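The structure under discussion appears below in the form of structure tokens.
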Number of protein chains: 2
Amino acid sequence: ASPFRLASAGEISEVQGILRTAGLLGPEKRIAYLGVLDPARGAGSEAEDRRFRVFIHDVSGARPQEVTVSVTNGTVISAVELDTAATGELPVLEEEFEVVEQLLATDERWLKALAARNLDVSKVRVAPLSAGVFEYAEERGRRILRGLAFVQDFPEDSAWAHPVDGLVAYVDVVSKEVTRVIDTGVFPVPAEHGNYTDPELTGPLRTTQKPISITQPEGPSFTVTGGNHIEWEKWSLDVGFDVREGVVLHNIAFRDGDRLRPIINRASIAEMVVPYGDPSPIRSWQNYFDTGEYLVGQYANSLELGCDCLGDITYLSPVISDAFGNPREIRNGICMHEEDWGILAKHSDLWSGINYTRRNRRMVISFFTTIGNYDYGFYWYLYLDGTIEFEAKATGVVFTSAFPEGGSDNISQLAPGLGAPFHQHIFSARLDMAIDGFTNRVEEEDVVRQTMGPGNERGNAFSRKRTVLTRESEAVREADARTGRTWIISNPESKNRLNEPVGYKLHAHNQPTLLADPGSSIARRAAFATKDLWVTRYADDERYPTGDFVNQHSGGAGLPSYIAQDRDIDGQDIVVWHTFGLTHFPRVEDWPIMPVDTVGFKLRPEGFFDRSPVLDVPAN
Amino acid sequence: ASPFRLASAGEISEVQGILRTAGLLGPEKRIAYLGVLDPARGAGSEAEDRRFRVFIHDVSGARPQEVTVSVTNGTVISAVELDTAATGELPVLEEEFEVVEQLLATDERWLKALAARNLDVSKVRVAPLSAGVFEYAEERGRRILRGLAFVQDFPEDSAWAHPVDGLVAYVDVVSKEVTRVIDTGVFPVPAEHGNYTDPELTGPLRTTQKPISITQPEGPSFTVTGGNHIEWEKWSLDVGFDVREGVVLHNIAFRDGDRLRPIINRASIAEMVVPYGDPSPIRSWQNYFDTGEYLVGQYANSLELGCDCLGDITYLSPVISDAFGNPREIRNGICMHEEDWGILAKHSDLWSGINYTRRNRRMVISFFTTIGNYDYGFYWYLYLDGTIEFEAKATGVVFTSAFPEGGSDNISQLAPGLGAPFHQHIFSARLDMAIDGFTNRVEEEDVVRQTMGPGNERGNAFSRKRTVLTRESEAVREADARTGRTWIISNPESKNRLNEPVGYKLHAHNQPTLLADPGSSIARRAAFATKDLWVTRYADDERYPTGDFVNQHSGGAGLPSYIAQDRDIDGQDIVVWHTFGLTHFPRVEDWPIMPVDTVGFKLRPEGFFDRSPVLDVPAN
Ligand SMILES: [Cu+2]
Ligand SMILES: [Cu+2]
Ligand code: NA
């Protein structure tokens, strides 16, 4: 019944049938993206119209189309032809990955480059990577992938251990032609294997780890109704899934007495970019927009009980479309469970004689995706005390290169002759805020130091200052760890019992933002990543910080063009966009497979409640 | 056997007997501090000499003494008379705390102040707080406590809800004299109760929480030998306990194949200061040095199974001295357990077809202390991948005041008429480093941005730079979150297989440091707290960043005096001192009892190993 329910296999089948009968899904067509549209703004929305947005690619070279269909009425609502030289190319298709290696294997220039290195072409894997926009005028309007080569010594070998440096190729995946093959010189192919399951490398496995058993003998404390509606320890929310963004949280609300109080209307990771900082022409174009270009939801892992998710686990199995419109289930793609989280509150009072201890816990909603060599876990946490937290976990295998003789200022050495270029992993969280309703505002809070003098004779005083962000042109903010800078989202029309606006405080990790030169292509295409915080006025079509079609878009789409409207955000329906990321100088310990590193952010109540909201937690 | 074993009840009894026999522990003497001395630098050394350091107070006014005793040989090694007006007073005795409320209850100035407020003296509790050093000349060379008053309506009432603002008294606890009573005016005593176990405030307790069962059917994976030596998943260490510092970690080392490789010789929280930022004369002197003035180990809680520590727990019960030299056991004062810690490493490889997942775990060593209204948990974590982490958890009841009718820039309102002054909680971690041995150096590492141009034509390159700190005068460093600043401790004489020096990287949280004006009393006494990182050359007597005698001591001791020696620290026996803290602007949700907030730091290997150290972790 809920408009926020996960797409079903039947809905996707009906979308396929509607497109085919409309003539929009012939044999040269591919679905590059399909997803359900959220309901438009309207608190009296009663008639359910479930609609899907579809991007349709054409493998024969015709212009692609953006289509909106209504599965409820069985109709096409609109179909627009796209001019990709203007507004960007469609996301990369899974079937285009294989094309790159196959086309190169018959190209005379590629084979000559391999022959000079004495590499058997049957052992050379090609990583198919997004192209970006650089100096090559012939690429405008064409779907290009760029290929970098790795040697696989045998079928189970880790090819990442054996990069073929000094060589790159560009491929038109529609006309199926190799546009350029660039050979800048011969580098030795690193010879050590990186096979982390080979006993010769691992040594004898440890026998010292004893089991940890985590069970819930009465079942979990949360309930799941309607397929994806969660109720847990006064929290209420809907868990969505979109093939582009992955797990999306809707309608995050907290039951305060007899009142269901909204907090966040929609929470998602709306983009993530991985820019590389190696100036070699072999790699200086390399920037992954994992969300915008590749679609992180379509590569979600099936998560195995006891290994990926430990404890009393409830799974969701989202359904997505394949390239032809057939439904495909991601079995066990989302894990949900509660976890003990240590002490919540504790005090032993001398005067009253009362000793008080309570334990904390958190609800975990997670999924894991694999894009080539990297694997990312996305974790949303709800805590008893009203805190909301997001954490990204980065693991997998680092992207490699040769390590040049003489060293490098932009590449780490991991093994003899094996390098790992410096890079970042930068995320954008899109938080469509709804603190006690939709009339919200953002304040920047800095610590204020005070000078010793009159009214501060001992020089001990300090204070804080809050600055209201009233218009989009002033709502592009930077972190300042030194002044303890945070941002508060409040509702100026909803007061707590002390007559103060209710609010939530955003605590950032204050990691470095995008390091590339401001005049670079990546800085223009990933402009969101240059600043820590953006606030926009809500609009239906402003979904991603990089725009709708990120692949080979020349730049400026998304947040810089939204902000340019300079709209009122002082007590309005607003969206907070938080940039946060990891700067990765690879270390020897990251090889041959990388231990998890993490980054994230959290939101804590700030006068949202009239007192601590966990006074009714029992002792157990 | 082990020179790092915990003090035994027998050793403490023997110290008492030795001091008695020497004429140093008659009826008028009190032990203010007693602790074991670490072995001096030198392998083997004096076969076994257990030495104890004792601070002896005299309740008749005679000068106190510092005494060193050898329990092994039954001898006093040295005894020196202290000039406390010069070098500082001894730590506060537990028995002096009770004196303050009793003396004030018979002082006619105090009674007049309470009668003016219509308060019954039998219901007024006095918080006895350390005095610091301010403008009062009569306090030099005397042991002073200052008292702030709270009303307790009935014996089980939380007095913190009812501060009596506008009133403070100073007490000489040796001569039993009230020196000053300062009354700046009547404030209403806030009337709402703060009794977090009263059903009228909590409402009905939740029935929704289902049990989480954490068990270890085969027992834990660590072994405890010699009372306090831990071996766990390649880690080796000794867990010490000192009445001033609390839990101290010794000889942290990692078994890498056939070699036991040192990492940290001694790790402790060597000071903690809590400065208040309210310029009211009633509170502008308020600064707690919980470690140096109060001794946090003395107030460690007994931790109860299932509430404080959950899972398969191994306890230590350290022994301390009371004020007469009798041994006192802190039953179950230290918890030790291992915890699941999610995914360690994960990759699903398209080309090889191998899917790989491993789980992480950590070893936890913790204790909890209660000082008046505040309770602090101290947590040390060891991870499978070589990471070492410290976390402090702050909870308890916030210190209160009246909330002035015209508002305040330095106090938060928590309830009608009830305020909570702004303050910080700042920690100093002392890390006596031993990365692969004692020849170490510290490098500061910053991200380096590069401009677009020749050799960086696409403007994507970025780099890093390392600066060796070669002498103490240049080793006082500040955080810079914007440039991703970290510090690496390396050993230039011990290289990994790539011929790079082995190292560990310190990751700070980059929270604000001390906010007080640099000319204030607290900035001089807590000078360590004004900078994020200090490095000194190791010396036996440089134990605490504030010096040996913090109570009522002006500046002149501690870290600024140590670094003035400008010693060589480039490949030497060095000590890292890291400042980190929380800046607390109390929120309504912190009342009537505060949910845990946290701060800490971590150290991760940086080319210490020749590849990932967790390749031999099994799948289970
Ligand atoms: Cu990385
Ligand atoms: Cu606090
Ligand atoms: Na050292």
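Chain letters run A, B, ... following the sequence lines, proteins first and then strands; every chain starts at 1. Just so it is clear, the values below take in all heavy atoms, side chains as well, and ignore hydrogens, waters and symmetry mates.
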Under 4.5 Å from a heavy atom of chain B, the part of A:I214 involved: both
Looking at A:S520 and B:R458, what are the two nearest heavy atoms and their distance? CB-O, 3.4 Å
Go through the atoms of B:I522 and report whether side chain, backbone, both or neither lie under 4.5 Å from a heavy atom of chain A. neither
Against chain B, label A:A479 side chain, backbone, both or neither, depending on which of its atoms sit under 4.5 Å from a heavy atom there. backbone
Kindly indicate whether the side chain of A:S158, heavy atoms from C-beta on, has any atom under 4.5 Å from the side chain of B:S352. no
Which atoms of B:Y276 come close to chain A, meaning under 4.5 Å heavy atom to heavy atom: side chain ones, backbone ones, both, or neither? backbone
Could you look at B:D157 and say if it's the side chain, the backbone, both or neither that has a heavy atom under 4.5 Å from chain A? backbone
Heavy-atom pairs under 4.5 Å with chain B: which of A:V397, A:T202, A:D375 has the most? A:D375
Proximity breakdown for A:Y383 and chain B, heavy-atom pairs closer than 4.5 Å: neither
For A:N301, is it the side chain, the backbone, both, or neither that has a heavy atom closer than 4.5 Å to a heavy atom of chain B? side chain
Derivation and outcome, side chain to side chain contact (heavy atoms under 4.5 Å, CB included), residues B:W232 and A:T208: CA-CA 8 Å; B:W232 176 80; A:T208 53; over 6 Å; no
Test A:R464 against B:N410 for side chain to side chain contact (heavy atoms under 4.5 Å, CB included), laying out the working first. CA-CA 8 Å; A:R464 57 173 171 191; B:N410 312 100; over 6 Å; no
Measuring from A:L515:CG to B:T483:OG1, what's the distance to the nearest 0.5 Å? 10.0 Å
Residues A:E304 and B:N355: side-chain donor-acceptor under 3.5 angstrom: no
With a 4.5 Å cut-off on side-chain heavy atoms, are A:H347 and B:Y374 touching? no
Could you tell me which of B:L344, B:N510, B:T207 has the largest number of non-hydrogen atom pairs under 4.5 Å with chain A? B:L344
Does A:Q286 reach the side chain of B:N460, with side-chain heavy atoms less than 4.5 Å apart? no
Per-residue contact mode, A:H423 against chain B (heavy atom under 4.5 angstrom): backbone
Go through the atoms of B:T357 and report whether side chain, backbone, both or neither lie under 4.5 Å from a heavy atom of chain A. side chain
Note: vs chain B, highest number of non-hydrogen pairs under 4.5 angstrom among A:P275, A:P595, A:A523 is A:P595
If you round to the nearest 0.5 Å, how far is NZ of A:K393 from CD1 of B:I343? 7.0 Å
Option that, when pairs with chain B are counted at under 4.5 Å, heavy atom only, ranks first among A:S521, A:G203, A:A415: A:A415
Per-residue tally against chain B (heavy atom, under 4.5 Å) across A:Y379, A:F150, A:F134 peaks at A:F134
Please classify the contact of B:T370 with chain A as side chain, backbone, both or neither, using a heavy-atom distance under 4.5 Å. side chain
Of all the heavy-atom pairs spanning B:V596 and A:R604, show the shortest one and how long it is. O-NH2, 3.9 Å
Taking side chain as everything from C-beta outward and backbone as N, CA, C, O, which of these in A:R361 sits under 4.5 Å from a heavy atom of chain B? Side chain, backbone, both or neither. side chain
So, for A:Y356 and B:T197, which heavy atoms are closest and what is the spacing to 0.1 Å? CD1-CG2, 3.8 Å
Of all the heavy-atom pairs spanning A:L414 and B:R497, show the shortest one and how long it is. O-NH2, 4.5 Å
Flag the one option from B:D349, B:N287, B:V364 with the top tally of heavy-atom pairs under 4.5 Å to chain A. B:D349
Can you measure from CG (B:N620) to SG (A:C307) and round to the nearest 0.5 angstrom? 7.5 Å
A:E500 versus chain B, the contacting section by heavy-atom distance below 4.5 Å: neither
Under the side chain to side chain contact (heavy atoms under 4.5 Å, CB included) criterion, do B:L350 and A:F97 qualify, and how do the steps go? CA-CA 11 Å; B:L350 179 60; A:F97 293 157; over 6 Å; no
Salt bridge or not for B:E589 and A:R611, using N-O below 4.0 Å? no
Quick one: of B:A159, B:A619, B:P416, who has the most non-hydrogen atom pairs under 4.5 Å with chain A? B:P416
I'd like to know if A:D480 and B:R482 make a salt bridge, using a cut-off of under 4.0 Å between side-chain N and carboxylate O. yes
Cationic N near anionic O, under 4.0 Å, A:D308 to B:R359: no
Side chain, backbone, both or neither: which part of B:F154 has a heavy atom under 4.5 Å from chain A? neither
How far does OG of A:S284 sit from CG of B:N456, to the nearest 0.5 angstrom? 8.5 Å
Atom group of A:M452 that falls short of 4.5 Å from chain B, counting heavy atoms: both
Could you grab the distance from atom CE of B:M594 to atom NZ of A:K346, nearest 0.5 Å is fine? 15.0 Å
Indicate the atoms forming the closest heavy-atom contact of B:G459 with A:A516, along with that distance. O-CB, 3.4 Å
Hey, which of B:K234, B:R358, B:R449 has the most heavy atom pairs under 4.5 Å with chain A? B:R449
Please state whether the side chain, the backbone, both or neither of B:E445 comes within less than 4.5 Å of a heavy atom of chain A. side chain
Proximity breakdown for A:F609 and chain B, heavy-atom pairs closer than 4.5 Å: both
CD1 on A:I593 to CG on B:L615, rounded to 0.5 Å: 8.5 Å
So which residue, B:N373, B:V614, B:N360, ends up with the most heavy-atom pairs under 4.5 Å with chain A? B:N373
Non-hydrogen atoms of chain B under 4.5 Å away: do they reach the side chain of A:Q152, the backbone, both or neither? side chain
Heavy-atom distances under 4.5 Å only: say whether A:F368 touches chain B with side chain, backbone, both or neither. side chain
Sidechain N-carboxylate O distance under 4.0 Å for B:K210, A:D312: no
Segment of A:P155 engaging chain B (4.5 angstrom heavy-atom cut-off): backbone
A:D409 and B:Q450: CA distance, side-chain angles, deciding distance, side chain to side chain contact (heavy atoms under 4.5 Å, CB included) verdict: CA-CA 11 Å; A:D409 298 323; B:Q450 303 179 236; 5.7 Å; no
Kindly assign one of parallel, tilted or perpendicular to the pair B:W341 and A:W341, based on the angle between their ring planes and the thresholds 30° and 60°. parallel
Closest approach of B:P605 and A:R587, non-hydrogen atoms and distance? O-NH1, 2.9 Å
Pick one of side chain, backbone, both or neither for B:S412, based on which atoms fall under 4.5 Å of a heavy atom in chain A. side chain
Using the six-membered ring wherever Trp is involved, compare the ring planes of B:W160 and A:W351 and label them parallel, tilted or perpendicular (cut-offs 30° and 60°). parallel
Answer key: most heavy-atom pairs under 4.5 Å with chain B among A:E218, A:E233, A:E606, A:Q413 is A:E233
Under 4.5 Å, counting heavy-atom pairs only, tell me which of A:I354, A:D340, A:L498 racks up the most with chain B. A:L498
